[PDB]
Amino acid sequence: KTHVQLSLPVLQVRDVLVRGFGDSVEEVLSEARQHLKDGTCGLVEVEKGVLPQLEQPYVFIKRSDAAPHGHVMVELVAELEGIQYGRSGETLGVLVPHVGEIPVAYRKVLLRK
């Protein structure tokens with residue numbers, strides 16, 4: 001399938017134990033995709049002071065369309081020192097590995113895969 005329905009655990013930035021996916025744009029996008037497939041991917045909602053608490057490169061989920069079955073259609077964009085690799089809509093948040101942190105909510109998305 002080109003798209004997959006996922007329910008992403010929403011984590012508080014200060015709970016996150018593993019604050020990024022890796023060391024290159026290509027690695028963080030790869031790792032993000034692997035974690036999304038393996039159900040081991042969390043989402044941190046972006047607000048004032050969140051991103052500096054996380055490791056670059058960043059992986060964002062961005063709205064790719066205006067929402068089948070409650071699931072917002074999204075795609076991945078990486079960012080490293082202010083340059084984005086990808087072009088998409090509004091940020092739903094930043095992806096991080098999930099290693100068992102308790103979520104505050106769930107974000108239903110349709111991921112272009």
# chains A, B, ... in the order shown; residues from 1 in each chain; ligands from 1
call {"tool": "residues_around", "arguments": {"residues": "residue 14 in chain A", "least_positions_apart": "6", "cutoff": "10 Å", "atoms": "only C-alpha atoms", "output": "ChimeraX atom specification"}}
result
/A:44,50,53-54
call {"tool": "residues_around", "arguments": {"residues": "residue 79 in chain A", "least_positions_apart": "5", "cutoff": "8 Å", "atoms": "only C-alpha atoms", "output": "ChimeraX atom specification"}}
result
/A:25,56-60,84-85
call {"tool": "select_by_dssp", "arguments": {"residues": "chain A", "states": "helix (DSSP H, G or I)", "output": "MDAnalysis selection string"}}
result
chainID A and resid 13:15 25:38 51:53 68:70
call {"tool": "write_last_selection", "arguments": {"atoms": "C-alpha atoms", "output": "PDB file, in the first residue's frame"}}
result
ATOM      1  CA  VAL A  13       9.429  16.391  25.013  1.00  0.00           C
ATOM      2  CA  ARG A  14      10.894  16.026  28.586  1.00  0.00           C
ATOM      3  CA  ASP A  15       9.845  12.281  28.732  1.00  0.00           C
ATOM      4  CA  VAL A  25      19.064  13.440   6.747  1.00  0.00           C
ATOM      5  CA  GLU A  26      19.050  10.115   4.861  1.00  0.00           C
ATOM      6  CA  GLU A  27      19.515   8.076   8.122  1.00  0.00           C
ATOM      7  CA  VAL A  28      16.789   9.896  10.139  1.00  0.00           C
ATOM      8  CA  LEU A  29      14.235   9.507   7.251  1.00  0.00           C
ATOM      9  CA  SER A  30      15.217   5.779   6.922  1.00  0.00           C
ATOM     10  CA  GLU A  31      15.058   5.108  10.702  1.00  0.00           C
ATOM     11  CA  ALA A  32      11.740   7.082  10.991  1.00  0.00           C
ATOM     12  CA  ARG A  33      10.194   4.915   8.223  1.00  0.00           C
ATOM     13  CA  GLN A  34      11.481   1.707   9.888  1.00  0.00           C
ATOM     14  CA  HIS A  35      10.072   2.773  13.359  1.00  0.00           C
ATOM     15  CA  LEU A  36       6.713   3.843  11.780  1.00  0.00           C
ATOM     16  CA  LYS A  37       6.446   0.375  10.106  1.00  0.00           C
ATOM     17  CA  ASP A  38       7.503  -1.415  13.424  1.00  0.00           C
ATOM     18  CA  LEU A  51      13.030  21.525  18.964  1.00  0.00           C
ATOM     19  CA  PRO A  52      16.196  22.731  20.827  1.00  0.00           C
ATOM     20  CA  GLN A  53      15.496  19.876  23.339  1.00  0.00           C
ATOM     21  CA  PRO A  68      -9.782   9.395   5.609  1.00  0.00           C
ATOM     22  CA  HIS A  69     -11.467   7.602   8.593  1.00  0.00           C
ATOM     23  CA  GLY A  70     -10.164  10.371  11.005  1.00  0.00           C
TER      24      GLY A  70
END
call {"tool": "select_by_dssp", "arguments": {"residues": "range 32-82 of chain A", "states": "strand (DSSP E or B)", "output": "JSON, numbers by chain"}}
result
{"A": [41, 42, 43, 44, 58, 59, 60, 61, 62, 63, 72, 73, 74, 75, 76, 77, 78, 79, 80]}
call {"tool": "closest_residue", "arguments": {"among": "A:47, A:65, A:55, A:101", "to": "residue 78 in chain A", "atoms": "only C-alpha atoms"}}
result
A:55
call {"tool": "atom_distance", "arguments": {"atom1": "CA of residue 108 in chain A", "atom2": "CA of residue 17 in chain A"}}
result
22.5 Å
call {"tool": "closest_residue", "arguments": {"among": "A:80, A:95, A:109, A:102", "to": "residue 23 in chain A", "atoms": "only C-alpha atoms"}}
result
A:80
call {"tool": "closest_residue", "arguments": {"among": "A:104, A:43, A:24, A:113", "to": "residue 81 in chain A", "atoms": "only C-alpha atoms"}}
result
A:24
call {"tool": "atom_distance", "arguments": {"atom1": "CA of residue 61 in chain A", "atom2": "CA of residue 49 in chain A"}}
result
18.2 Å
call {"tool": "residues_around", "arguments": {"residues": "residue 107 in chain A", "least_positions_apart": "4", "cutoff": "9 Å", "atoms": "only C-alpha atoms", "output": "list in words"}}
result
residues 6, 7, 8, 9, 10, 43, 71, 72 and 92 of chain A
call {"tool": "write_last_selection", "arguments": {"atoms": "N, CA and C atoms", "output": "compact mmCIF listing (two decimals), in the first residue's frame"}}
result
# COMPACT_ATOMS: atom_id res chain seq x y z
N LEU A 6 -1.90 4.75 10.77
CA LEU A 6 -1.11 4.59 12.01
C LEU A 6 -1.75 5.44 13.09
N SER A 7 -1.66 4.97 14.34
CA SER A 7 -2.02 5.71 15.57
C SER A 7 -0.71 5.98 16.33
N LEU A 8 -0.24 7.23 16.32
CA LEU A 8 1.09 7.60 16.85
C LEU A 8 0.94 8.08 18.28
N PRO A 9 1.68 7.47 19.25
CA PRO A 9 1.68 7.96 20.62
C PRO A 9 2.32 9.35 20.68
N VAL A 10 1.63 10.29 21.31
CA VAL A 10 2.11 11.69 21.44
C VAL A 10 2.85 11.77 22.77
N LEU A 43 5.50 10.84 18.50
CA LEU A 43 5.27 12.18 17.91
C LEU A 43 5.35 13.17 19.06
N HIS A 71 -8.00 9.81 9.98
CA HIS A 71 -6.53 9.80 9.76
C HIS A 71 -6.13 10.91 8.78
N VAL A 72 -5.40 11.90 9.30
CA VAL A 72 -4.80 13.02 8.50
C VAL A 72 -3.69 12.43 7.63
N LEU A 92 2.57 18.51 11.87
CA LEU A 92 1.76 17.89 12.94
C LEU A 92 2.67 17.60 14.15
call {"tool": "closest_residue", "arguments": {"among": "A:67, A:110, A:94, A:76", "to": "residue 42 in chain A", "atoms": "only C-alpha atoms"}}
result
A:94
call {"tool": "atom_distance", "arguments": {"atom1": "CA of residue 48 in chain A", "atom2": "CA of residue 98 in chain A"}}
result
21.9 Å
call {"tool": "residues_around", "arguments": {"residues": "residue 64 in chain A", "least_positions_apart": "4", "cutoff": "6 Å", "atoms": "only C-alpha atoms", "output": "list in words"}}
result
residues 73, 74, 88 and 89 of chain A
call {"tool": "decode", "arguments": {"residues": "chain A", "atoms": "C-alpha atoms", "output": "mmCIF file, in the first residue's frame"}}
result
data_model
loop_
_atom_site.group_PDB
_atom_site.id
_atom_site.type_symbol
_atom_site.label_atom_id
_atom_site.label_comp_id
_atom_site.auth_asym_id
_atom_site.auth_seq_id
_atom_site.Cartn_x
_atom_site.Cartn_y
_atom_site.Cartn_z
ATOM 1 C CA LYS A 1 0.000 0.000 0.000
ATOM 2 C CA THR A 2 1.174 3.584 -0.822
ATOM 3 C CA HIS A 3 -0.472 4.700 2.499
ATOM 4 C CA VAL A 4 -0.758 3.083 5.981
ATOM 5 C CA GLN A 5 -3.163 4.050 8.815
ATOM 6 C CA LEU A 6 -1.110 4.592 12.012
ATOM 7 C CA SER A 7 -2.017 5.715 15.575
ATOM 8 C CA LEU A 8 1.088 7.596 16.854
ATOM 9 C CA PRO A 9 1.676 7.961 20.622
ATOM 10 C CA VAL A 10 2.105 11.687 21.437
ATOM 11 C CA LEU A 11 5.028 12.139 23.942
ATOM 12 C CA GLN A 12 5.940 15.141 26.167
ATOM 13 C CA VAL A 13 9.429 16.391 25.013
ATOM 14 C CA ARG A 14 10.894 16.026 28.586
ATOM 15 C CA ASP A 15 9.845 12.281 28.732
ATOM 16 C CA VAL A 16 11.628 11.388 25.465
ATOM 17 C CA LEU A 17 14.611 9.052 26.092
ATOM 18 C CA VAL A 18 15.964 8.851 22.483
ATOM 19 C CA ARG A 19 15.796 12.378 21.071
ATOM 20 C CA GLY A 20 16.450 11.617 17.354
ATOM 21 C CA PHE A 21 16.798 8.910 14.694
ATOM 22 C CA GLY A 22 20.459 9.402 13.664
ATOM 23 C CA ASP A 23 23.164 11.654 12.286
ATOM 24 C CA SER A 24 22.258 12.315 8.573
ATOM 25 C CA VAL A 25 19.064 13.440 6.747
ATOM 26 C CA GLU A 26 19.050 10.115 4.861
ATOM 27 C CA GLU A 27 19.515 8.076 8.122
ATOM 28 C CA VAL A 28 16.789 9.896 10.139
ATOM 29 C CA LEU A 29 14.235 9.507 7.251
ATOM 30 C CA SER A 30 15.217 5.779 6.922
ATOM 31 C CA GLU A 31 15.058 5.108 10.702
ATOM 32 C CA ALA A 32 11.740 7.082 10.991
ATOM 33 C CA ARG A 33 10.194 4.915 8.223
ATOM 34 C CA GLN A 34 11.481 1.707 9.888
ATOM 35 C CA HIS A 35 10.072 2.773 13.359
ATOM 36 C CA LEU A 36 6.713 3.843 11.780
ATOM 37 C CA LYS A 37 6.446 0.375 10.106
ATOM 38 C CA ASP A 38 7.503 -1.415 13.424
ATOM 39 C CA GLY A 39 5.057 0.601 15.636
ATOM 40 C CA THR A 40 8.016 2.052 17.632
ATOM 41 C CA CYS A 41 7.634 5.739 16.542
ATOM 42 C CA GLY A 42 6.342 8.588 18.743
ATOM 43 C CA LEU A 43 5.274 12.179 17.913
ATOM 44 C CA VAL A 44 6.195 15.387 19.819
ATOM 45 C CA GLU A 45 3.964 18.416 19.108
ATOM 46 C CA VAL A 46 6.163 21.407 18.177
ATOM 47 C CA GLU A 47 5.947 24.485 20.454
ATOM 48 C CA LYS A 48 8.332 27.183 21.768
ATOM 49 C CA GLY A 49 11.444 25.432 23.159
ATOM 50 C CA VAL A 50 10.649 21.856 21.956
ATOM 51 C CA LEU A 51 13.030 21.525 18.964
ATOM 52 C CA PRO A 52 16.196 22.731 20.827
ATOM 53 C CA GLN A 53 15.496 19.876 23.339
ATOM 54 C CA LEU A 54 15.656 17.340 20.439
ATOM 55 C CA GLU A 55 18.551 16.149 18.246
ATOM 56 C CA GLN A 56 19.049 17.219 14.602
ATOM 57 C CA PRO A 57 18.513 16.136 11.981
ATOM 58 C CA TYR A 58 14.724 16.429 12.777
ATOM 59 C CA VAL A 59 12.013 14.319 11.063
ATOM 60 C CA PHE A 60 8.639 16.150 10.782
ATOM 61 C CA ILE A 61 5.233 14.797 9.783
ATOM 62 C CA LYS A 62 3.533 17.398 7.571
ATOM 63 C CA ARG A 63 -0.112 17.367 6.317
ATOM 64 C CA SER A 64 0.028 16.341 2.594
ATOM 65 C CA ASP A 65 -3.709 16.977 1.788
ATOM 66 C CA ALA A 66 -7.012 18.466 3.216
ATOM 67 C CA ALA A 67 -8.604 12.985 6.306
ATOM 68 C CA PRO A 68 -9.782 9.395 5.609
ATOM 69 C CA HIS A 69 -11.467 7.602 8.593
ATOM 70 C CA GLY A 70 -10.164 10.371 11.005
ATOM 71 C CA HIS A 71 -6.535 9.796 9.756
ATOM 72 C CA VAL A 72 -4.799 13.016 8.502
ATOM 73 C CA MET A 73 -2.672 12.297 5.394
ATOM 74 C CA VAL A 74 0.994 13.106 6.142
ATOM 75 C CA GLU A 75 4.467 12.750 4.684
ATOM 76 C CA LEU A 76 8.020 12.961 6.162
ATOM 77 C CA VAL A 77 10.317 16.046 5.807
ATOM 78 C CA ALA A 78 13.824 16.109 7.452
ATOM 79 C CA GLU A 79 15.549 19.323 8.656
ATOM 80 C CA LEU A 80 19.307 19.917 9.352
ATOM 81 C CA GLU A 81 20.766 23.408 10.166
ATOM 82 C CA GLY A 82 17.642 25.168 8.787
ATOM 83 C CA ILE A 83 17.440 23.254 5.450
ATOM 84 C CA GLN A 84 14.416 20.916 4.814
ATOM 85 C CA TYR A 85 14.562 17.843 2.531
ATOM 86 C CA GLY A 86 11.017 17.676 1.289
ATOM 87 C CA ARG A 87 8.208 20.165 0.827
ATOM 88 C CA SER A 88 4.738 19.553 2.369
ATOM 89 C CA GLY A 89 1.995 21.234 4.464
ATOM 90 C CA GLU A 90 1.711 22.198 8.143
ATOM 91 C CA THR A 91 3.803 20.311 10.779
ATOM 92 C CA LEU A 92 1.760 17.886 12.945
ATOM 93 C CA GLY A 93 4.966 17.329 14.987
ATOM 94 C CA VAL A 94 8.484 15.861 15.179
ATOM 95 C CA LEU A 95 9.003 12.071 15.115
ATOM 96 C CA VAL A 96 11.187 10.298 17.739
ATOM 97 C CA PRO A 97 11.834 6.677 18.655
ATOM 98 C CA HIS A 98 9.246 5.346 21.172
ATOM 99 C CA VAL A 99 10.910 3.133 23.848
ATOM 100 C CA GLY A 100 7.893 2.828 26.245
ATOM 101 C CA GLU A 101 7.320 6.461 27.384
ATOM 102 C CA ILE A 102 3.659 7.019 28.482
ATOM 103 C CA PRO A 103 1.820 9.115 25.853
ATOM 104 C CA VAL A 104 -0.554 12.046 26.563
ATOM 105 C CA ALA A 105 -2.613 11.268 23.402
ATOM 106 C CA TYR A 106 -2.688 9.467 20.025
ATOM 107 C CA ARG A 107 -2.469 11.140 16.580
ATOM 108 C CA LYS A 108 -4.243 9.117 13.829
ATOM 109 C CA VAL A 109 -2.383 9.654 10.512
ATOM 110 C CA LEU A 110 -2.381 8.197 6.978
ATOM 111 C CA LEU A 111 1.367 7.929 6.130
ATOM 112 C CA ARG A 112 2.519 8.101 2.479
ATOM 113 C CA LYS A 113 4.983 5.114 2.474
#
